[PDB]
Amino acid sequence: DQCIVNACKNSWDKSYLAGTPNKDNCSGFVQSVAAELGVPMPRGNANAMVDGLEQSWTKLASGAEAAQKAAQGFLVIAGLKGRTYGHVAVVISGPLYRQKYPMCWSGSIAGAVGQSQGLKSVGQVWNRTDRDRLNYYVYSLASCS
């Protein structure tokens, strides 16, 4: 998964949207990760992205499987629609927080409380309710060799 962690580190410093650092934009951060890895990604805000992922990407059964696919070099997106705004993040390999939630990178307009540079799990980026409703989507071709 080093190729995905590298794309995450590089995306953290780019601005998918004009004038908008990806660290402050959860949908744009994922778009730049996918663009660096050559993976087609559904476009728009987080809700629109999750709709698009649900339609065309493989949905995994668990956060444990999300971590395993990431460990096998696949781009894995954690996503959850919201009543007003959804959220997406990139899952990376690593031990599951609370033996359930995989590690991730995420941008966020909300600031550091919604951001992760690989040291928080999705269970620490999403609230104690939303984290068990998350969906994990995987792209069908490995990116890292």
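So that there is no doubt, residue numbering starts at 1 and follows the sequence shown.
**Student:** On mean Cα temperature factor in this entry, is 118 to 126 or 18 to 26 the higher one?
**Tutor:** Here the higher of the two C-alpha B-factor means belongs to 118 to 126.
**Student:** For the C-alpha atoms alone, is the average B factor greater in 106 to 114 or in 93 to 101, going by the entry?
**Tutor:** The deposited B-factors put 93 to 101 ahead on the C-alpha mean.
**Student:** Sorting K59, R43, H87, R83 by Cα temperature factor from the record, which one lands on top?
**Tutor:** In this record, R83 carries the highest C-alpha B-factor of the candidates.
**Student:** Which third of the chain holds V5 when residues are ordered by C-alpha B factor: lowest, middle or highest?
**Tutor:** Within its chain, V5 is a middle-third residue by C-alpha B-factor, going by the deposited values.
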